[PDB]
């Protein structure tokens, strides 16, 4: 039922880039791009929460052909234009420091993708992943804990749930539960998809809450920079009360090691009612209701 591995690295899909638009507005840190690809000519179907591979051209430092890098899909099953013809990605350009051979090193596939022109041919594999799937239940609660490009599967959920054209195209999924996004980025220019996320909250104030953790603009109560863990600590009691519902699913996506502060915050909340969180979390993972994808 769930589409998986319709294309594989030995015979990938050759898709064309349609658009490559900036998501980091002026004044932000780094480059993150929304890249849309053409899927006509082949049979690549996908659903929300899945990933695709991109194989970059040329060779590595050892002369061997470059491997795929996995990217979370930014679009719903229908694509951004709700036509069943496209797929989108949300790609950060990886750039880093001076003690790693050279002066500034740029990541291979992400610099390729972030500078790619419309009309160019791309090797696409997949879709992969059954870890970040949205339930078919319209009455489910969805907590979304996103850091940076961790917004990317959250975009696919929130678009399916709340965009007018998506609701018209999906008669079996008219969402009426509650969704909460806690989004951690460094600046207000770095709030990826800000205007559309804020449009959804103004249109659906009882069904979507939007919380920001903006590190260069806000401080936590200890005087340090505001991160996603601090906003989870601020709302730990509320989030635990929602997690107790049998129909609540929680999604964690973003940088590796973000799980640690979220676990500590929900541990203090769960302990007030005599529950050890690390054990309750194991049962949620078993039930398929605690979904993690960090990198």
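Numbering follows the first chain given and starts at 1.
Asks: Of the two stretches 66-74 and 222-230, which shows the higher Cα B-factor on average in the entry?
Replies: Between 222-230 and 66-74, it is 222-230 that shows the higher mean C-alpha B-factor.
Asks: Select between 155-163 and 102-110 the stretch whose C-alpha atoms have the higher average B-factor in the entry.
Replies: Averaging CA B-factors over each stretch, the winner is 102-110.
Asks: When the CA B-factors of 126, 147, 171, 79 are compared as recorded in the entry, which is the largest?
Replies: That would be 171.
Asks: Among the modelled residues of its chain, does the C-alpha B-factor of residue 247 lie in the lowest, middle or highest third?
Replies: Middle third, going by the recorded CA B-factors of the chain.
Asks: In terms of the chain's CA B-factor thirds, is residue 179 lowest, middle or highest?
Replies: For residue 179, the deposited C-alpha B-factor lands in the middle third.
Asks: When the modelled residues of the chain are sorted by Cα temperature factor, does residue 267 land in the lowest, middle or highest third?
Replies: Middle third by C-alpha B-factor.
Asks: Using the B-factors in the PDB entry, rank residue 256's C-alpha atom against the chain and give the third, lowest, middle or highest.
Replies: CA B-factor rank for residue 256: highest third.
Asks: Relative to the other modelled residues of the same chain, rank the CA B-factor of residue 275 and answer lowest, middle or highest third.
Replies: Ranked within chain, residue 275 CA B lands in the highest tercile.
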